[PDB]
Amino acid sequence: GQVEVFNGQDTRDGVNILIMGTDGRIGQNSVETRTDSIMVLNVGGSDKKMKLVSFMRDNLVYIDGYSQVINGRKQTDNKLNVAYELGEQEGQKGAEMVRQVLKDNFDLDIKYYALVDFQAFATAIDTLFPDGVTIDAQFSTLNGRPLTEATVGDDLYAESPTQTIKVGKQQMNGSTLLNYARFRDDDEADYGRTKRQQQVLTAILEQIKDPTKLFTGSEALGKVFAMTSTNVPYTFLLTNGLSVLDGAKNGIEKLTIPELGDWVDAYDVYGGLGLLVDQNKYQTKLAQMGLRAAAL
């Protein structure tokens, strides 16, 4: 929610930005919110390519202060999506808590954050995109069978409607696009959701028209800002903005951590089921992608 502490750190190549979707509505935030999306976007690296990494919410992670230590062994015994909630409960430390965790588990240094709730997102998209966003809607299988449409809970309308998205290229308004990003009810589960979220983010950046005019000054862009929580400096947007919007047209190198299937099921300390992952291996991949650029 709106105010967030952040002790951003610099990375050796580019700038890492933590990006999170929360489930609240414009004006509630904090202890009534959950994380639906956790991404790190690297911009301005030497290779001139943007990188986007989704962390699956069920990632089991060591949360300092809250996780056990058996012998000397730190336990990855909490789900990652918990870290935000623990921080909102501590007091405006949700983004910060995610940052500390990603640092401790994946050795990522992250400089800035941006947070959106669902309602903001939907409104924001209607504001920016009067003809909606072009998306090529795609789903995985269900028990091996290909899907050609998906039923999603239409959560922005409370007393419990749903919505059906057919596969293929179409225009999506904010509500649709949010719903599309939230869908997880196929063989790929949260992993496939990460790919849709990545797809949506990419699409937004690619389809912004008149990119300069935003910065010069736009009431639309302002309305959006009002509905967002971010510590990204405005001069950073002025100096790096068009490069990001253009770099998005060239396409973004994407990764989900962990990759599909590349995990073992295990219980968190609360008796929930999470993903135990080989963090070292993913630290090496992050280095290879230029998000921490270490060791070799």
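Numbering starts at 1 and follows the sequence shown.
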(message) Does the chain run continuously from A158 to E159, or are deposited residues unmodelled in between? Answer none, 1 to 3, 4 to 9, or 10 or more.
(response) 1 to 3
(message) Highest mean C-alpha temperature factor of the two stretches 18-26 and 272-280, which is it?
(response) 18-26
(message) Mean Cα B factor from the PDB record: higher for 205-213, or higher for 141-149?
(response) 205-213
(message) Out of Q197, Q92, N78, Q163, whose C-alpha atom has the biggest B factor in the entry?
(response) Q163
(request) Among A181, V167, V82, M97, single out the one with the highest C-alpha B factor in the record, please. (result) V167
(request) Select lowest, middle or highest to describe the third in which the CA B-factor of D154 falls within its chain in this entry. (result) highest
(request) Among all modelled residues of this chain, ranked by Cα B factor, put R34 in the bottom, middle or top third, i.e. lowest, middle or highest. (result) highest
(request) State the tercile, meaning the lowest, middle or highest third, of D186 with respect to the CA B-factors recorded for its chain. (result) middle
(message) Is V5 in the lowest, middle or highest third of its chain when residues are ranked by C-alpha B-factor?
(response) lowest
(message) Using only modelled residues of the chain, where does the Cα B factor of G192 rank: lowest third, middle third or highest third?
(response) lowest
